[PDB]
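Because only heavy atoms are used, hydrogens play no part in the values below, and waters and symmetry mates are left out as well, while side chains stay in. Chain letters run A, B, ... following the sequence lines, proteins first, then strands; residues in each count from 1.
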Amino acid sequence: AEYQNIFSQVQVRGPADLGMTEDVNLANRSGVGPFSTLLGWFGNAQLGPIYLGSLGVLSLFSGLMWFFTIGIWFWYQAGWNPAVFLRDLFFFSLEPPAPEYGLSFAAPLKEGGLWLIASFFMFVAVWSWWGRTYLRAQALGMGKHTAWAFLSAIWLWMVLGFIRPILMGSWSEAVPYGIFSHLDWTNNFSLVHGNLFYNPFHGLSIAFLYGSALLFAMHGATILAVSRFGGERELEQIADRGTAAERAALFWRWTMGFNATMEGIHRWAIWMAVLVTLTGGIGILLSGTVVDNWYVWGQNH
Amino acid sequence: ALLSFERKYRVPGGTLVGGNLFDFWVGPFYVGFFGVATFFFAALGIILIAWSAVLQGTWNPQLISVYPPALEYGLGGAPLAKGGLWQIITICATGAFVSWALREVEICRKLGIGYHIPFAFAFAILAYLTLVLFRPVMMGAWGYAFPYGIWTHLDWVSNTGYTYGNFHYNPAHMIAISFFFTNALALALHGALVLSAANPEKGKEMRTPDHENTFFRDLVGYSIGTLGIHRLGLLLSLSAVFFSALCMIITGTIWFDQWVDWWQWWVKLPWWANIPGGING
Amino acid sequence: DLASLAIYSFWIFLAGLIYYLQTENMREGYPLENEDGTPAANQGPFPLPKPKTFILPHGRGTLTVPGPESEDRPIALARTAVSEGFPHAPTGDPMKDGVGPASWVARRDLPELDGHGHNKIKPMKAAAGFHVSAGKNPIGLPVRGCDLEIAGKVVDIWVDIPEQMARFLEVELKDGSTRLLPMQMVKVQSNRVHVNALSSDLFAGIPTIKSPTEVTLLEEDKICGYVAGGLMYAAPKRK
Ligand code: BCL
Ligand code: BCL
Ligand code: BCL
Ligand SMILES: CC[C@H]1c2cc3[nH]c4c(c3C)C(=O)[C@H](C(=O)OC)c4c3nc(cc4[nH]c(cc(n2)[C@@H]1C)c(C(C)=O)c4C)[C@@H](C)[C@@H]3CCC(=O)OC/C=C(\C)CCC[C@@H](C)CCC[C@@H](C)CCCC(C)C
Ligand SMILES: COC(C)(C)C/C=C/C(C)=C/C=C/C(C)=C/C=C/C(C)=C\C=C\C=C(C)\C=C\C=C(/C)CC/C=C(\C)CCC=C(C)C
Ligand SMILES: CCCCCCCCCCCC[N+](C)(C)[O-]
Ligand SMILES: CCCCCCCCCCCC[N+](C)(C)[O-]
Ligand SMILES: [Fe+2]
Ligand SMILES: [K+]
């Protein structure tokens, strides 16, 4: 049997890697965490260090407040009973204010107010985290591709719980915080808007989601296939093309008639993934604001 | 025409069948025995679809639809115009996909690389086969398979899903979706990271793998590494498809009631089933 | 209709994006050439993108692409047919000449450097602090080829310091010299390291490195290409 390089055969370890300095404020980096031999069979065994400045503290605090606000509501619904908490965990849900309250914040805590509070914490957590992706890249002198890509995901998220509800005139339009409940919300959304399979942006979003699995399967497999030539050392193959990048390119040129480059494949990758939520956000934002029924819309288009 | 660095790799050898008989290229495409097989299966399949289109009475891309035999036919054969064409086209598709995978294997052999790509492709093929072959056979009829139509196959997805209530409740489906979402997340991150290092701030030198590891450790306290991220992307995408095939192979076979009710086994656990309070009490 | 405008608009954007992506992926390997190395008549509907320049660290210079393409090495192959599209047969020993699956690229004859300017890959004995942390330590094990004959013994592991992983096994041959073998091409077993790609008699042929403590990108390519080439060309010797 041939070694497939899915799991490493032997792990090696040296002094903890503290990372590059560049313009980073080292005072904000923790010490290294423990080493995981388990993780090491697949990826890096090293945990940490992590960077936690003020913005990061805010993001984590806010994120946890979001999580705890939902959790306290769950215990409440569970009658504070531990056994009930676990058996009905997926049924609990923190719902938005009723339609009657519009976009106001005058709804009782048990009837929407608490949802607004949790949502506020989540809003701060996500945006401050986005700031983190931008600043950690800046401090290292790197491009801002990660922050820009993250924005696409944020777009769908914003449309779902903020932009669309506001355009629709009520918080009742937003997604509830619950495992099963957000799924019921999803099914209901499609039913009420004439079946999302008729929303062209939903179909595109699906093409890109499937396309992302197709592409990562292709790319991941390709790199592993040429790892025997150092193929995974992508930055250097970009700066100085080796036989790994050439064989990868030719496998595809010979298979489907065209190919990419070591750098270019990553551009196909970032866009394929980013377009999932980009088209999706548009599709959802237009739902109920401009198009009430996609089936009907499709009949006239 | 050839890429500037291509000629040195265009040597003889690697074929699985026919020796040097089909060992050549047509433009950029490698042929090989399976290249001829794929063309044969694909051409026939496409010709049979056009014929199905004639029997349907339309040439419109968005209207052409080849349906499998009605349930009454069970797993037997059917008249061409009544499901038979679907049956032949499905055989052609399977032949074309498998041949495409085998051609990839010959290409791997000539290039001296690993067989990871065709192996990964086999997962997609198996998912397709679960829907048109394994599931229908287990259920007792070809009619359970999806039709070959741009919009009609979506009708099948919607109809099949709602046959079990909100399909979101299928636990295997939840896992598959988790892998699909996580995969796209990982793809965006991988593409953005490599690009952010290769295309740093204006005027700066290319960043290094060290900078990539540093960026992620700074951000979330962990970096999987360059080898790991490619292993991950592959594992996430294949896992997503594996659980997709699984979520459908068990639907209509071992589980055929409303998926939401499956979750009753947990709620009805003796030690808390009758405890008052909560949503289920 | 706002939705109509949006979707119509998206497709325009997508066509433009695809055009952009395809041109970006033509920064290497183009213009296309005929089998004789001259420019091909048909280059396709996509034009070459404007050049971009990568600034390399540690004074290594820059890289501008697209740019004049050239193999920068002799290719020992000859046409086997009177028309295009057929295989090109090795004029000598393909393993030794570096063609077919035994191909190597004329990469820079310098070692890859980490973010601090130090050699990325180093034998473990010279990498302060590094050691095997899990799995069977291959050091000391005999190395068996596909012909089932012992070709040498493992004397060290060459590691990627930055990414902390094993990249090569250094194998000592009967004459006392050593060779590097890609980790991805060996099977570490309890009582030995097995190499399916090469028969015992082909280990001496593996390209050697200039300096015993470092390996250049050029040498890595020659070594990796040669070992992988063995799968096809050592087949007769493989049991
Ligand atoms: C897996 C679950 C369901 C299913 C659920 C859905 C849903 C839900 C949607 C689609 C959608 C699509 N499906 Mg489907 N689809 C199924 C199985 C298939 C099969 C098959 C042989 O297995 C094929 C070829 C397709 C193909 C397609 C594409 C036409 C379209 C875009 C997806 C995409 O880009 O993916 C990623 C792949 C790539 C980016 C590679 C390029 C693939 C090209 C786009 C596919 C060409 C298909 C072609 C027209 C078939 C004729 C070719 C022959 C010459 C005759 N589906 C199974 C039965 N499919 C979307 C749509 O808008 O449909 C109208 C959509 O919303
Ligand atoms: C019955 C249900 C309806 C339906 C209703 C909907 C609705 C409603 C929506 C979708 C959407 C989507 N649908 Mg649909 N959909 C249906 C059937 C399908 C089928 C199929 C085979 O049948 C498929 C493949 C899809 C596929 C898709 C995806 C393309 C798209 C989601 C993109 C994504 O990954 O966002 C992933 C990303 C996000 C949700 C971004 C937000 C992430 C935030 C920013 C991060 C949170 C961080 C947090 C604070 C901390 C978390 C904790 C830590 C992890 C520890 N649908 C049926 C017809 N679908 C979405 C869309 O865009 O539609 C156009 C959408 O809104
Ligand atoms: C109302 C509809 C129901 C529902 C009903 C179903 C049903 C029914 C099914 C799914 C399936 C899936 N659902 Mg669902 N699903 C719902 C809502 C969702 C939501 C959401 C946001 O709400 C999401 C994210 C999903 C997600 C998913 C995915 C896990 C899965 C589809 C991918 C797959 O299996 O690919 C597998 C990959 C393939 C099938 C592709 C095979 C490709 C072949 C090998 C090659 C094609 C070559 C081509 C012809 C050549 C073209 C020419 C060239 C381009 C030149 N569903 C709602 C609740 N869902 C499907 C599943 O699991 O299927 C196994 C499925 O059958
Ligand atoms: C791990 C699974 C993921 C994956 C992986 C994957 N796909 C792959 C590969 C890999 C590793 C390849 O190597 C191979 C490739 O060459 O990519 C460019 C491929 C590929 N994935 C493709 C499509 C594809 N993959 C998909 C999905 C996935 N691929 C998964 C997410 C999907 C969807 C719907 O999600 C699609 C549409 C092809 C572009 C390509 C394989 C090309 C091929 O096999 O060509 C041979 C055949 C023809 C050109 C002609 C077929 C004509 C007729 C014989 C049949 C058609 C009839 C009917 C089946 C069509 C019905 C259509 C309707 C439903 C609309
Ligand atoms: C405390 O108990 C112990 C066990 C510790 C812990 C228990 C906690 C548990 C069990 C927590 C469970 C949490 C769960 C299950 C959360 C699930 C969320 C899900 C399933 C989906 C989320 C969808 C949410 C979306 C799309 C939200 C979008 C939100 C926004 C766009 C922001 C909206 C902001 C608003 C309305 C406020 C206005 C803002 C300003 C600027 C003032
Ligand atoms: C960057 C990758 C390019 C992917 C292009 C994807 C094309 C698939 C289109 C199918 C969507 C069809 N539609 C109209 C129903 O939405
Ligand atoms: C779904 C869209 C993704 C497909 C993009 C197809 C690009 C075709 C590129 C052909 C370039 C051919 N070549 C060798 C002449 O350069
Ligand atoms: Fe990559
Ligand atoms: K040492």
Side-chain angles (χ1 to χ4, degrees), chain A residues 6 19-20 42-44 47-51 78-79 81 83-84 87-88 91-92 132-133 136-137 140-143 145-146 149 183 187 197 209 212-213 215-217 219-226 232-235 238-239 246-247 250-251 253-255 257 263 266 269-270 272-274 276, chain B residues 3 5-6 9 28-30 104 107 111 113-114 116-117 120 154 158 166 168 180 183-184 187-188 190-201 204 206-211 214-215 217-219 221-228 230-231 233-234 237-238 240 267 272 275 277-280:
Chain A
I6 300 303
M20 300 300 297
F42 195 72
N44 283 326
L47 276 60
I50 186 174
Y51 183 102
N81 189 315
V84 177
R87 79 136 195 265
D88 300 345
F91 295 95
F92 299 127
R132 258 180 76 81
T133 66
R136 301 342 308 159
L140 288 167
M142 302 170 89
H145 306 67
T146 299
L183 298 177
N187 177 51
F197 283 155
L209 182 65
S212 290
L215 193 56
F216 218 163
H219 185 60
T222 300
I223 293 306
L224 290 182
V226 299
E232 76 272 41
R233 290 152 58 181
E234 303 186 298
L235 291 174
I238 286 172
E246 292 187 354
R247 301 184 192 220
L250 295 173
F251 168 89
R253 182 169 200 267
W254 295 354
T255 295
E263 190 203 355
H266 295 89
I270 197 176
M272 182 68 85
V274 152
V276 170
Chain B
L3 292 178
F5 56 73
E6 184 173 352
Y9 301 99
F29 308 93
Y30 175 68
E104 287 190 336
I107 290 175
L111 285 170
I113 67 177
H116 305 68
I117 300 171
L154 298 208
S158 194
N166 176 352
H168 285 159
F180 272 109
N183 178 73
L187 185 61
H190 180 56
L193 189 59
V194 172
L195 251 29
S196 69
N199 302 269
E201 284 180 347
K204 293 193 172 61
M206 279 179 78
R207 267 33 193 157
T208 70
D210 307 56
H211 292 269
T214 304
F215 174 75
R217 283 166 177 158
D218 274 348
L219 187 62
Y222 181 70
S223 181
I224 197 166
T226 61
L227 178 55
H230 293 96
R231 283 168 166 179
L234 180 60
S237 58
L238 300 189
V267 179
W272 57 36
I275 300 181
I279 304 299
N280 303 302

Within the 4.5 Å heavy-atom criterion, are [X] and [Y] side-chain neighbours or not?
X: B:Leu219; Y: A:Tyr51; answer: no
X: B:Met206; Y: A:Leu235; answer: yes
X: A:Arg253; Y: B:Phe29; answer: no
X: A:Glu263; Y: B:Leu195; answer: yes
X: A:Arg87; Y: B:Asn280; answer: yes
X: B:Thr226; Y: A:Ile223; answer: no
X: B:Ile117; Y: A:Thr222; answer: yes

Look at the side chain of [X] and the backbone N and O of [Y], then say whether any donor-acceptor pair between them is shorter than 3.5 Å.
X: A:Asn44; Y: B:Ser223; answer: yes
X: B:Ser237; Y: A:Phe216; answer: no
X: B:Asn199; Y: A:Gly143; answer: no
X: A:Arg233; Y: B:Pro209; answer: no

Sort [X] into side chain, backbone, both or neither according to what part of it lies under 4.5 angstrom from a heavy atom of chain B.
X: A:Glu234; result: side chain
X: A:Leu250; result: both
X: A:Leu140; result: both
X: A:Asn81; result: side chain

What's the shortest heavy-atom distance between [X] and [Y], and which atoms?
X: B:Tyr222; Y: A:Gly43; answer: OH-C, 4.1 Å
X: A:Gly141; Y: B:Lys204; answer: O-CD, 3.7 Å
X: B:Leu193; Y: A:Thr146; answer: N-OG1, 4.2 Å
X: B:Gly278; Y: A:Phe92; answer: CA-CE2, 4.5 Å
X: A:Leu224; Y: B:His230; answer: CD1-O, 4.5 Å
X: B:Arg231; Y: A:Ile6; answer: NE-O, 3.0 Å

Which of parallel (below 30°), tilted (30 to 60°) and perpendicular (above 60°) describes A:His219 and B:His190?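 Taking B:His190 first and then A:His219, their aromatic rings sit tilted (interplane angle of 30° to 60°).
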
Below 30° counts as parallel, above 60° as perpendicular, anything between as tilted: where do the rings of B:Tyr30 and A:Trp254 land?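 Ring orientation of B:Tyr30 relative to A:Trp254: tilted.
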
Tell me which of these, [options], has more heavy-atom pairs under 4.5 Å with chain B than the rest.
options: A:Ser212, A:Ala225, A:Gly48, A:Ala273; answer: A:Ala225
options: A:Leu47, A:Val84, A:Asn187; answer: A:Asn187
options: A:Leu209, A:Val276, A:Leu215; answer: A:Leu209
options: A:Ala78, A:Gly19, A:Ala137, A:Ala213; answer: A:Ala213

For A:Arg247, side chain to side chain donor-acceptor pair (under 3.5 Å) partners two or more places apart: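 With neighbours one apart ignored, the set is A:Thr243.
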
